[PDB]
């Protein structure tokens, strides 16, 4: 994948401002509320019984931070993404068997959460660069299926 100077600037620009912990908690929790089937991978996390339960859940909140941190690792090495996510691709693909379609729904939610946090600062060019990012991340995360 090719990253233009402007894309790189839009990505690193926004990333410096991102509340990894809250945006992270929010994105994961939205995933489980909006796409209720994904709750199945998170049976270990306990009570996923209501939107309020999911938003209230400490393991949901804590896992969210680390998923977003791991997106941060992509931001931090845009040209080495496929390697950065290899060990995570095996876990997701071989150990957990998560359909890659869901990597895509997570990316989309992250866009919406980043939209809400950044408001008008989340310009069309910015949505476009960040969407590409979550796309490149989903693809690297799926490569153990191929």
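Residue numbers count along the first chain shown, from 1.
*Asks:* Going by the average Cα B-factor in the PDB entry, point out whether 99-107 or 78-86 comes out higher.
*Replies:* Comparing 99-107 with 78-86, the higher mean C-alpha B-factor belongs to 78-86.
*Asks:* Residue 32's Cα B-factor: lowest, middle or highest third of the chain?
*Replies:* Lowest third, going by the recorded CA B-factors of the chain.
*Asks:* Would you mind checking where the Cα B-factor of residue 38 ranks among the modelled residues of its chain, as the lowest, middle or highest third?
*Replies:* Lowest third.
*Asks:* How does the C-alpha B factor of residue 113 compare with the rest of the chain: lowest, middle or highest third?
*Replies:* Ranked within chain, residue 113 CA B lands in the lowest tercile.
*Asks:* By the record's CA B-factor, is residue 91 among the lowest, middle or highest third of residues in the chain?
*Replies:* Within its chain, residue 91 is a highest-third residue by C-alpha B-factor, going by the deposited values.
*Asks:* Using only modelled residues of the chain, where does the Cα B factor of residue 53 rank: lowest third, middle third or highest third?
*Replies:* According to the entry, residue 53 has a C-alpha B-factor in the chain's highest third.
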